[PDB]
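The structure under discussion appears below in the form of structure tokens.
There are 2 protein chains.
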Amino acid sequence: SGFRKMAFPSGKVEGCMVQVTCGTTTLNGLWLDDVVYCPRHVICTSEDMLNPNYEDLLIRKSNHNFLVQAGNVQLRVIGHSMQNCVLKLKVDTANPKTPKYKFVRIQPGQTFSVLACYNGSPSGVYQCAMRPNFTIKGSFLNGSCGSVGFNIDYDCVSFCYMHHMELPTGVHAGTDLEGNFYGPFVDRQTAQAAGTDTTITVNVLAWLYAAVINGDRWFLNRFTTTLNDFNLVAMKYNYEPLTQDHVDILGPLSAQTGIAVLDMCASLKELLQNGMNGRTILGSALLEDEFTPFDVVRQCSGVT
Amino acid sequence: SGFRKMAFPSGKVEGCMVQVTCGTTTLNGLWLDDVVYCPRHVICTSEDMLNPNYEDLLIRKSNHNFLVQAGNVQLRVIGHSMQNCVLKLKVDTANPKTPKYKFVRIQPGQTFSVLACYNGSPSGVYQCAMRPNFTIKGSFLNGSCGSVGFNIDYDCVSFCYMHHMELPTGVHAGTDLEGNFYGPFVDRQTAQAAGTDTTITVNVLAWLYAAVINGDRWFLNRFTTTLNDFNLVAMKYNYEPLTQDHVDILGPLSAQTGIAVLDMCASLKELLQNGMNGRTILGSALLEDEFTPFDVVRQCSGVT
Ligand SMILES: COc1ccccc1OCCNC(=O)c1cc(=O)[nH]c2cc(F)ccc12
Ligand SMILES: COc1ccccc1OCCNC(=O)c1cc(=O)[nH]c2cc(F)ccc12
Numbered sequence: 001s002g003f004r005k006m007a008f009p010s011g012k013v014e015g016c017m018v019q020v021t022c023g024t025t026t027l028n029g030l031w032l033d034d035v036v037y038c039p040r041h042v043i044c045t046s047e048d049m050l051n052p053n054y055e056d057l058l059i060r061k062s063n064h065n066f067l068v069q070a071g072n073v074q075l076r077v078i079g080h081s082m083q084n085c086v087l088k089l090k091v092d093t094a095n096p097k098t099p100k101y102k103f104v105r106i107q108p109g110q111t112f113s114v115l116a117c118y119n120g121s122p123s124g125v126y127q128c129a130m131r132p133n134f135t136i137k138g139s140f141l142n143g144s145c146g147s148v149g150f151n152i153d154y155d156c157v158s159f160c161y162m163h164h165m166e167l168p169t170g171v172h173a174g175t176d177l178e179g180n181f182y183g184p185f186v187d188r189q190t191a192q193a194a195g196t197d198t199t200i201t202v203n204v205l206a207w208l209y210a211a212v213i214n215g216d217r218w219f220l221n222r223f224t225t226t227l228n229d230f231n232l233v234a235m236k237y238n239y240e241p242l243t244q245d246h247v248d249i250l251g252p253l254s255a256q257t258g259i260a261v262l263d264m265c266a267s268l269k270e271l272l273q274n275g276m277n278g279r280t281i282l283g284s285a286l287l288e289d290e291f292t293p294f295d296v297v298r299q300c301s302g303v304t
Numbered sequence: 001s002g003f004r005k006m007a008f009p010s011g012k013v014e015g016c017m018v019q020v021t022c023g024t025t026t027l028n029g030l031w032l033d034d035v036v037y038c039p040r041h042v043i044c045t046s047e048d049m050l051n052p053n054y055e056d057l058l059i060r061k062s063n064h065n066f067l068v069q070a071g072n073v074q075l076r077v078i079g080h081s082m083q084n085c086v087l088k089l090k091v092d093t094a095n096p097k098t099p100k101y102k103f104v105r106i107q108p109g110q111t112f113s114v115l116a117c118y119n120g121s122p123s124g125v126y127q128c129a130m131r132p133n134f135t136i137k138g139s140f141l142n143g144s145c146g147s148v149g150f151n152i153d154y155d156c157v158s159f160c161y162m163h164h165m166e167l168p169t170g171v172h173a174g175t176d177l178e179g180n181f182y183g184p185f186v187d188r189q190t191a192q193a194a195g196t197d198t199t200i201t202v203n204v205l206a207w208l209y210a211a212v213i214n215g216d217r218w219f220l221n222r223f224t225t226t227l228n229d230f231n232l233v234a235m236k237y238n239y240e241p242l243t244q245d246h247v248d249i250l251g252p253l254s255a256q257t258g259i260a261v262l263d264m265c266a267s268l269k270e271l272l273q274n275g276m277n278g279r280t281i282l283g284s285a286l287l288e289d290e291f292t293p294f295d296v297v298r299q300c301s302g303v304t
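Protein chains in written order, with the deposited numbering: chain A, 1 to 304; chain A', 1 to 304. A prime marks a further copy of an entry chain.
Below you can see the structure in the form of structure tokens.
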């Protein structure tokens with residue numbers, strides 16, 4: 001029993017973190033096989049970040065300008081290339097600690113663990129969600145760039161995120177491991193609109209199921225609703241519209257608790273309309289949306 | 001910017017987790033040097049747990065009865081001993097992955113990361129606090145016993161907790177690494193009163209400083225208070241009394257923000273008396289007490 005914002009064990013990712021320096025800028029890199037991946041803004045200076053011409057800045061750089069250090073050992077750089085907003089530095093040694101891995105592009109609403117790093121050294125690990133507007137509400141300071149987001153299935157690490165920047169609004173933006181930004185963001189020091197965010201409805205419902213499994217059931221009511229009625233409430237409260245695909249993913253949790261998905265929607269509807277009345281659910285005084293149905297089943301079953 | 005319930009990177013601890021089986025019971029063990037530490041209830045059967053006579057149960061066991069497996073390799077057990085509520089199984093091989101480590105007994109109110117494990121395999125990592133009543137509000141299922149709590153300073157892992165049980169109330173109890181339980185708990189399947197818990201006042205104030213550092217400042221007011229006045233409010237709301245030692249630990253955060261400790265106490269006083277009025281602080285709709293002043297400075301400075 002109990003429910004926590006649990007991150008994946010970061011061990012397999014820690015063994016991949018390196019420091020990358022180019023000129024005066026130092027950030028984090030990800031060493032997998034004989035390649036080191038890092039944000040391309042490592043080649044910029046303060047005067048450049050306002051509107052950098054990355055093709056031009058990279059042309060002034062040579063392999064010997066990218067200093068890559070894995071703990072205390074120096075890696076020899078034998079190739080460099082820019083793919084989208086990431087740099088790929090080919091090194092002469094394959095990382096002996098490379099786990100089985102995949103590069104995946106996550107969907108908005110999905111979750112992942114972040115291993116915050118500074119100067120190539122892991123500082124901490126936390127779980128978060130990719131917001132519907134493609135931002136992440138992370139915890140990152142100066143030098144955190146290049147820290148990565150990932151999920152772990154059995155022995156395989158799926159890397160889904162690399163950290164690039166903090167928007168003026170204090171929210172975070174980054175890319176997949178092929179250097180494509182999530183959302184409309186560009187790696188430039190400019191005002192960037194993160195559009196309207198919404199609450200991840202399927203995750204809130206999954207968390208309500210987790211609450212019931214753990215004994216918090218005060219919010220369960222005598223009502224039911226329909227997808228149409230519920231979605232009118234979802235619209236009013238800036239919640240993502242619930243689809244039959246979301247109901248289908250909630251199937252196993254509906255089966256485990258015996259609470260029909262639409263009945264749980266009616267509990268959520270009453271909580272949106274009346275609030276919590278000073279009560280809590282799983283130690284929270286608000287509706288939590290950072291746990292997917294998969295996360296709930298994983299935590300409630302003990303998948304290692 | 002941003003503030004997250006950040007756990008330490010679990011890598012150094014993952015390399016220590018093993019599976020320990022005795023008879024029909026399997027749980028987790030901690031392999032450090034040539035010793036494996038695990039909860040002594042691994043030697044019990046269902047009929048025993050109601051009131052086990054551990055001295056007697058252990059006498060029926062021999063070294064060859066404790067099956068210890070580190071991933072896929074079997075460890076040879078050459079000695080066994082019970083120290084308080086832990087068993088120490090001496091093995092013939094020192095763990096090659098043993099990090100620099102200490103065994104520490106944490107104080108109530110302090111925090112640590114937990115690496116939840118099942119069958120000797122890490123499933124997830126989360127940060128938590130040792131409650132003032134010596135329980136932890138963890139996330140643990142069947143087979144989680146032997147999972148450990150720890151803090152990391154530089155390259156040194158300080159182990160402070162080993163998981164033993166879930167009380168009928170759904171809260172968690174365990175020992176230090178010398179097998180002494182935190183609190184009045186015994187490793188018996190019986191009703192056990194976890195006394196009155198309180199909110200960790202110094203941690204709430206530390207979290208209010210973290211909020212100010214990150215831009216959430218709506219709760220700052222034109223008032224001040226005294227330790228005496230504040231403690232009358234703390235008493236009424238089941239908060240730990242604030243002492244000059246707590247004020248002293250908040251010194252650096254008071255210096256960084258320029259907000260006097262007693263002025264922050266007056267903000268906390270108004271929040272206790274008026275509530276949040278439907279607002280949030282650092283994404284929370286309640287007063288968070290799982291971040292120490294040390295945690296706040298660490299996260300806000302980037303200590304790796
Ligand atoms: C506006 O800056 C950039 C824009 C596009 C691309 C790159 C940009 O910065 C590169 C450096 N960034 C960091 O090291 C950084 C990341 C972060 O998430 N939080 C921070 C908090 C701080 F107080 C200071 C810095 C950071
Ligand atoms: C009452 O049990 C004991 C009492 C004293 C000592 C040991 C006791 O149990 C030993 C086994 N315990 C677990 O594996 C366990 C731990 C936990 O934190 N959550 C759980 C949730 C479950 F649904 C089932 C089991 C657990």
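Each residue gets a CB set at the ideal place from its N, CA and C atoms; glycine is no exception.
Please report whether the beta-carbon of residue i lies at a distance below 8 angstroms from any beta-carbon of chain A'.
| i | result |
| --- | --- |
| residue 9 of chain A | yes |
| residue 135 of chain A | no |
| residue 270 of chain A | no |
| residue 226 of chain A | no |
| residue 285 of chain A | yes |
| residue 209 of chain A | no |
| residue 101 of chain A | no |
| residue 280 of chain A | yes |
Bridge partners of residue i, per DSSP?
| i | result |
| --- | --- |
| residue 69 of chain A | A:19 and A:74 |
| residue 281 of chain A' | A':284 |
| residue 90 of chain A' | A':35 and A':79 |
| residue 114 of chain A' | A':126 and A':149 |
| residue 57 of chain A' | Paired residue(s): none; residue 57 of chain A' is not in a bridge. |
| residue 162 of chain A | A:148 and A:175 |
| residue 156 of chain A | A:100 and A:153 |
| residue 136 of chain A' | A':172 |
| residue 181 of chain A | A:175 |
| residue 30 of chain A | A:17 and A:37 |
| residue 7 of chain A' | A:125 |
Does chain A have any CB closer than 8 angstroms to the CB of residue i?
| i | result |
| --- | --- |
| residue 303 of chain A' | yes |
| residue 80 of chain A' | no |
| residue 172 of chain A' | yes |
| residue 273 of chain A' | no |
| residue 182 of chain A' | no |
| residue 237 of chain A' | no |
| residue 252 of chain A' | no |
| residue 96 of chain A' | no |
| residue 39 of chain A' | no |
| residue 293 of chain A' | no |
| residue 108 of chain A' | no |
If the cut is a Cβ gap below 7 angstroms, which residues of chain A does residue i touch?
| i | result |
| --- | --- |
| residue 131 of chain A' | The premise fails here: residue 131 of chain A' is roughly 12 angstroms from chain A at the closest Cβ pair, so nothing lies under 7 angstroms. |
| residue 141 of chain A' | 302 |
| residue 215 of chain A' | 170 |
Measure how close the beta-carbons of residue i and residue j come, nearest whole angstrom, since I'm counting them as under 8 angstroms.
| i | j | result |
| --- | --- | --- |
| residue 93 of chain A | residue 16 of chain A | Actually they are not in contact, since the Cβ atoms of residue 93 of chain A and residue 16 of chain A sit about 13 angstroms apart, beyond 8 angstroms. |
| residue 176 of chain A | residue 160 of chain A | 6 angstroms |
| residue 121 of chain A' | residue 149 of chain A' | Rounded, the Cβ-Cβ distance is 18 angstroms, inconsistent with contact. |
| residue 287 of chain A' | residue 271 of chain A' | 7 angstroms |
| residue 32 of chain A | residue 126 of chain A | Their Cβ separation, rounded to whole angstroms, is 22 angstroms, which puts residue 32 of chain A and residue 126 of chain A out of contact at 8 angstroms. |
| residue 198 of chain A | residue 239 of chain A | 6 angstroms |
| residue 282 of chain A' | residue 210 of chain A' | 7 angstroms |
| residue 232 of chain A | residue 192 of chain A | Wrong, their Cβ atoms sit about 32 angstroms apart, outside the cutoff. |
Using a Cβ cut-off of 7 angstroms, pull out every chain A' residue sitting near residue i, in sequence order please.
| i | result |
| --- | --- |
| residue 162 of chain A | Those within 7 angstroms of residue 162 of chain A in chain A' number zero; the least Cβ separation is about 17 angstroms. |
Please list, in chain order, the chain A' residues whose beta carbon lies closer than 8 angstroms to that of residue i.
| i | result |
| --- | --- |
| residue 119 of chain A | 304 |
| residue 192 of chain A | Within chain A', no residue comes near residue 192 of chain A; the closest Cβ sits about 15 angstroms away, beyond 8 angstroms. |
| residue 122 of chain A | 9, 11 and 304 |
For a contact meaning CB atoms closer than 8 angstroms, what does residue i contact in chain A?
| i | result |
| --- | --- |
| residue 125 of chain A' | 6, 7, 8, 9, 10 and 125 |
Using a C-beta to C-beta distance shorter than 9 angstroms, which residues of chain A count as neighbours of residue i?
| i | result |
| --- | --- |
| residue 3 of chain A' | 139 |
| residue 256 of chain A' | The contacting residues do not exist; residue 256 of chain A' stays about 14 angstroms from chain A at best. |
| residue 166 of chain A' | 1 and 2 |
Which residues in chain A' have a C-beta closer than 9 angstroms to the C-beta of residue i? List them in chain order.
| i | result |
| --- | --- |
| residue 189 of chain A | Neighbours of residue 189 of chain A on chain A': none; closest Cβ ~15 angstroms, over 9 angstroms. |
| residue 115 of chain A | 9 |
* **Lining residues of ligand 1 - beta-carbon closer than 6 angstroms to any non-hydrogen atom, in sequence order** => Residues flagged by the Cβ proximity filter: A:41, A:49, A:140, A:141, A:142, A:143, A:144, A:145, A:164, A:165, A:166, A:172, A:187, A:188, A:189 and A':1.
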